[PDB]
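A closer look at the structure
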There are 4 protein chains.
Amino acid sequence: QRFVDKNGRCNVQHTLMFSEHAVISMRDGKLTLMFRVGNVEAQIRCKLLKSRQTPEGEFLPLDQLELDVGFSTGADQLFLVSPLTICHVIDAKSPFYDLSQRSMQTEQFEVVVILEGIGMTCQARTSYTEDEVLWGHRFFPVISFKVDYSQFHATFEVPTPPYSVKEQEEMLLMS
Amino acid sequence: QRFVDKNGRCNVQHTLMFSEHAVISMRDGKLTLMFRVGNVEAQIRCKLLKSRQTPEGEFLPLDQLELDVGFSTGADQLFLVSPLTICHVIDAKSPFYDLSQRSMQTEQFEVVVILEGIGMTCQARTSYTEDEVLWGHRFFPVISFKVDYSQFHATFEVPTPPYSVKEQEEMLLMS
Amino acid sequence: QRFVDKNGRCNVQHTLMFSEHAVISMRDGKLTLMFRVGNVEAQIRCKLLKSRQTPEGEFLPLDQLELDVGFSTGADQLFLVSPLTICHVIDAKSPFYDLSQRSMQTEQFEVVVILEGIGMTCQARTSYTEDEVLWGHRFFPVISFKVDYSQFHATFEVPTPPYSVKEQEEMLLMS
Amino acid sequence: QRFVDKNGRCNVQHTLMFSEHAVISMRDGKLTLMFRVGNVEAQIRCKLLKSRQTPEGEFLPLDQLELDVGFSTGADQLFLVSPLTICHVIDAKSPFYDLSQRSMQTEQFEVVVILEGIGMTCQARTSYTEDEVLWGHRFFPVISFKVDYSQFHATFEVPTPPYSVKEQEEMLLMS
Ligand code: NA
Ligand code: NA
Ligand code: NA
Ligand code: NA
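The rules behind the values
Residues numbered from 1 in each chain as written, not as in the entry; some residues may be left out. Chains lettered and ligands numbered in written order. Heavy atoms only, no water. Residues with missing side-chain atoms left out of burial classes, pairs and counts. Contact = heavy atoms within 4.5 Å. Helix = DSSP H or I, 4+ residues; strand = E, 2+ residues; numbered from the N terminus. Nonpolar A, V, L, I, M, F, W, Y, C, P; charged D, E, K, R; others polar. Buried < 20%, exposed > 50% of the residue type's maximum accessible area, 1.4 Å probe, protein only. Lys, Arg positive; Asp, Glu negative; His and termini not counted. Salt bridge = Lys/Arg side-chain N within 4 Å of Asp/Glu carboxyl O. Polar contact = N/O pair within 3.5 Å; in protein donor to acceptor, adjacent residues only side chain to side chain. Least-squares fit on C-alpha atoms.

Method of determination, as annotated in the archive: X-ray crystallography, at 2.000 Å resolution.

Shown next as structure tokens:
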């Protein structure tokens, strides 16, 4: 049983546009921020909104920082054959580079997600504040092909280090 | 006889959207996954669909991996003057990096191809499962300018090493 | 109070498309050319128009040079939740790499800004000549969420070095 | 007199879509292939069409190679304020890397140019065969702001080395 037929028809048997919560856990060896997207030129973009002071001392009430979700590999051009777990790999370039389970408790930010598709031209949006990002969680599978949307928003806790990627790299140079 | 006149008209004399099979063989010194596309803003994208377990032990029922087909050079923006052989160069970044003629026998994957063009906005799709990807094959030419579509799907076997690109690089470090 | 609700609605309470002047000052440790943008697929592009002679001796009456404003990070794909300060980081790749407060006094150039968005397809444009680019200035904040558009065009002077980025790097190699 | 007013209107005073010939000469220290474009989301793309045999011995009747004309800098997103000289910088990545005035005499290729713009969605095309690419030529200026379209297609010869970029680099390693 293939997911897509030779002529292009999809063989997937199906409030469910974006998961209510986002999560941060390990996947393929990298601390990753993840959230789920349900349902031509379907592209996704993420911005991190936050108040901050530049080293120059300037206070930016609402600054927007980019959150890489496929822009450099084309992974942001989505094939919505079924629910997708969008991944933001936290690295030195990420605004979450020094975000730890601890700091999250006091952090204040808003991850805005923008999904655009098609002529049809539409825009779906969502937002994840710090309290809606769950450290140490992982999404339940939804594909069984059948999709169980009752598990769309569900996540569970898994063994995840509390330190940020920056702290992980620091502890490595020494050890 | 030019292929395109000064004013832009094409001088090509013409179920034929995508070749029924894909192939893997050498071209310009690189192991390459190839398939043919027949017929504004005409762009092509490829996703590799497959079930896999992350090193974290998580099982992803249907994960989508990117398959580079011109995204970084602009080669994915197609000029459909006639049938085109789309090329995915298998390198360290490719999900097929360690795919060999042997492993293919037991592998399970699905290459999904998405072609979008134009206002017109349309989407053509296709799919290639492991059994529809022929190792050691090459496509017959279709351009003679006249296009012989009876050879569109035809491929023939050519001397091709059975090892994966990863194995090729390993055998090189030592030898 | 979040900026964007879970369903995507924006919670911002609002001649105001582009700031009348642009500025050049330090932000996050980099000399930056900045201007403000007010109000799908909303993208911004900047071109530097100027007359110049190539080392070959050829005079180009009106040559267009690129001005990086997010093209390589996706920051040029705008989320117009409120007024945005567009940033062009002046580096070795920038046409303003050797622009100093001094040279500006004799320079002659025109920064053209092109904003495109959406179906809707529209184009807003503006222009900043050398006399409309203020060295040593910074924009006043407009977000308080409420936006005070009376401060949209307002800027004030701040302690800024008069030397160009190229001169900064030169003085560093030696010192 | 600015080229563009604060509100975006252009101050330019105007068979003229593409120059009949292309040229290859030095500009800003680089051997460059150039051609002129006259007249939203206005983007240009170039493909090099040619018959060739792969080292594997395979003959490709009509292979398409990419010709970089701004794809990596955004310079391919055009601002048609007046006639533009499109530039393809010949480097190690260019299909013209080893093209010399000599080889051109026997070469056989076709540079296809594709211009797309906007809703409006249109496509203008053109083609330049080897005999329509003039080595050692430069375009006359058209901007004086007034545009003299009688000089649109005009080019003149200038002192240009006959060797290819590859040969230039070879002669450098030794000398
Ligand atoms: Na479009
Ligand atoms: Na890119
Ligand atoms: Na890049
Ligand atoms: Na449209």
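**Re the interface of chain A and chain B**
At the junction of the two partners, chain A supplies 32 residues and chain B supplies 29 residues. Within the residue set of the side of chain A that touches chain B, elements represented by two or more residues are strand 1 (22–27) and strand 9 (137–139) of chain A. For the side of chain A that touches chain B, the residue count by class is 15 nonpolar, nine polar and eight charged.

**Observations regarding the side chain of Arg125(D)**
Along the polypeptide, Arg125(D) turns up in strand 7 (residues 122–129). One buried charged residue, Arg125(D), remains without a salt bridge, the closest side chain of opposite sign being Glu116(D) at 7.9 Å. Side-chain polar atoms of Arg125(D) contact the backbone oxygen of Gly8(B), separated by 2.6 Å. Only 3.4 Å separates the side chain of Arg125(D) from the side chain of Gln123(D), close enough to count as a polar contact. Each residue touching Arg125(D), except ones within four places of it in the same chain, is listed here: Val4(B), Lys6(B), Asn7(B), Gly8(B), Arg9(B), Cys10(B), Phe79(B), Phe18(D), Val112(D), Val113(D) and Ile114(D).

**Let's talk about the relation of the copies chain A and chain B**
The two copies are related by a screw operation: chain A maps onto chain B through 90 degrees of rotation and 0.0 Å of translation along the axis, at an RMSD of 0.0 Å. This pairing of chains is accounted for by a four-fold axis. Every residue of chain A has its C-alpha some distance from the rotation axis, and the shortest such distance is that of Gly119(A), at 5.3 Å. Looking at the interface residues of chain A, only 6% of them are also at the interface in chain B, so each copy uses its own face.

**Side note on the relation of the copies chain C and chain A**
After a rotation of 90 degrees and a shift along the axis of 0.0 Å, chain C superposes on chain A with an RMSD of 0.0 Å. When the interface residues of chain C are mapped onto chain A, a mere 6% of them again fall at the interface, so the copies present different faces.

**Observations concerning the pattern of salt bridges**
Any two side chains of opposite charge can pair if their charged atoms end up close together. The full count for this structure, using the stated rule, is 32 salt bridges over all chains. Between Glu58(B) and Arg27(A) there is a salt bridge, with the nearest N and O atoms lying 3.9 Å from each other. One end of the pair, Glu58(B), is in the loop between strand 3 (43–53) and strand 4 (59–67); the other, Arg27(A), is in strand 1, on a second chain. Assessed through its relative accessible area of 10%, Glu58(B) is described here as buried. A salt bridge links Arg52(B) to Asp63(B), with the shortest nitrogen-to-oxygen separation between them at 2.8 Å. Taken as a pair, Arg52(B) in strand 3 and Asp63(B) in strand 4 lie far apart in primary sequence, eleven residues in all. For the residue pair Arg52(B) and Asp63(B), the accessibility class agrees, reading buried in each case. Several salt bridges share partner residues, and in doing so they unite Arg2(A), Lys6(A) and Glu132(B) into one network.

**Brief notes about the environment of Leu173(B)**
When you line up the elements, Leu173(B) lands in helix 2 (residues 165–174). Separated by 16 residues in the primary sequence, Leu173(B) and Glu157(B) place their C-alpha atoms 29 Å from one another.

**Observations concerning the interface of chain C and chain A**
Frequently, the measure chosen for interface size is the accessible area that the parts lose on association. At the junction of the two partners, chain C supplies 32 residues and chain A supplies 29 residues. Elements with a minimum of two residues in the side of chain C that touches chain A: strand 1 (22–27) and strand 9 (137–139) of chain C.

**Examining the environment of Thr160(B)**
All names here are of chain B. Among the secondary structure elements, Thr160 is positioned in the loop between strand 10 (155–157) and helix 2. Take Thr160: its relative accessible area is 17%, and that puts it in the buried class. Beyond its immediate chain neighbours, meaning those up to four positions away, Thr160 contacts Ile24, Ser25, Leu31, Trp135 and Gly136. Among the polar contacts listed, one links the side chain of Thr160 to the backbone oxygen of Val158, at a separation of 2.9 Å.

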